[PDB]
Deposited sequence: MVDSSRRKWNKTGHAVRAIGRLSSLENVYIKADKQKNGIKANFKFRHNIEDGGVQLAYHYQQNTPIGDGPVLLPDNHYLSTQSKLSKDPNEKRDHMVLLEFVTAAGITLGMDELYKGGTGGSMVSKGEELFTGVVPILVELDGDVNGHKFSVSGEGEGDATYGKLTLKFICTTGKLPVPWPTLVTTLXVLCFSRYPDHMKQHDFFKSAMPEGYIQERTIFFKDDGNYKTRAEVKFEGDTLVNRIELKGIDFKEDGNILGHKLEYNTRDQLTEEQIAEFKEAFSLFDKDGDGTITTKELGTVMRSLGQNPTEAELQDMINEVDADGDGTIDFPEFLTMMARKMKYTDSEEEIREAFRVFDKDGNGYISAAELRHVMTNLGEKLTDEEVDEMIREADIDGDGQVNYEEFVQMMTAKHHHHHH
């Protein structure tokens, strides 16, 4: 009904502000001392029975050769991964489709190495791992098309059963296939190092669990881009999310026309002039009405995090993409409590009629005592005439 609808709209607006206030990309910076780069990012692994397992990545890349390389200005990669199974494959395996694009530098050149990536390039991946003494090997093959930032790879566990979930190896298992836009070609360290290649090293901290340490060599061997990796994992819990295999494999890419309609309702709460784009002025208006008070610089940074075309506004399509990702990957307890606190103004753990009234009428919706109570009632599982945390979580989940 049109009170379930008022939750969705208001809920989606609050989750849009949570996304814009988070750091979900691959952040790249120059490392002049090593003639390379550093990167850091957070990867979200959905836990099968509900919840999210966070993996915090720190990364270093250094050229294998002494040729000149491109040291970038600060930017990010935005990524999109889809995992599948080959229905005719009997071995323990993963099929990976990946798109990666560079952005984060607003609107206002090309290495010799970039010429090696103008068409489709065959890829080979080899990994040797040891997690808590559980050894394994992975072999992969496929191709990369950097013109579109596109990877297709199939991986086999050559040692039998993979002792960790496949999703935990995705980031370890060729950022030289990223699409850099024309205005960012001078910031592409990865292709610039080719064909001699680069060393990629990481430490990956699985929160409340162990860590991976990785070292990889990425270079051309003949016409093939090869990724050779060693992985060491330590201090994992015997029945944690990783060694207990509790992580989801296939995350939902299935996004209904009903869900898109819900996102467009939320969009139009921000896009108050109906021109199909959200400006810093429009984002700030909504945040102030929810009781936050961002500076111009914060608003610019929030938009920059999802601003695919670098024009300084969140276009409708950029808004749909950001919302699709936000529904695909589970929020942490901390992010859900932060959304809850937008409503629970007094912090007593209960969203009251007065509290939800105060939110709704500050967001500019004219709702009288009646439909407020209709909204409370829609979410009120236990009859107390208020919305508690668990009731909030249920309202917010698709």
query: Stretches with no C-alpha atoms in the model, relative to the deposited sequence starting at 1; finding: 1-2, 111-122, 188, 414-420
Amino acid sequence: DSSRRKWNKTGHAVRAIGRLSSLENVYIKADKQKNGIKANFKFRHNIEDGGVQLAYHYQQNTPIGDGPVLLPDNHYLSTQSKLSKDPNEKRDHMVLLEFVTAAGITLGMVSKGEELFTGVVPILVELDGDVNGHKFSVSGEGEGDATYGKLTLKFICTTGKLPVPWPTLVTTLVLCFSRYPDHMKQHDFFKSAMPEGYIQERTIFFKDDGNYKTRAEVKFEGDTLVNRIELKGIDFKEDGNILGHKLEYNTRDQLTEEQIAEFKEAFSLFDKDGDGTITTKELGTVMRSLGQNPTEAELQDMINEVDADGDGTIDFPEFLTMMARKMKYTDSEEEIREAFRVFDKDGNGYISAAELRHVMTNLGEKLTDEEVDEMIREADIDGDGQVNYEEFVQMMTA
From here on, numbers count along this sequence of modelled residues.
property	result
Greater mean Cα temperature factor according to the PDB record, 301-309 or 253-261	253-261
Per the entry, higher mean C-alpha B factor between 315-323 and 82-90	82-90
Maximum C-alpha temperature factor, selected from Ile28, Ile64, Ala353, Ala55	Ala353
Residue of maximum C-alpha B factor among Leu70, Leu363, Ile336, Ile37, per deposited coordinates	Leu363
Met194, C-alpha B-factor rank within chain (lowest, middle or highest third)	middle
Ranked against its chain, the third holding the CA B-factor of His187	middle
Chain third (lowest, middle, highest) by recorded CA B-factor, residue given as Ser178	lowest
Assigned third (lowest, middle, highest) for the C-alpha B factor of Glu296	highest
Modelled-residue ranking by C-alpha temperature factor, third containing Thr330	middle
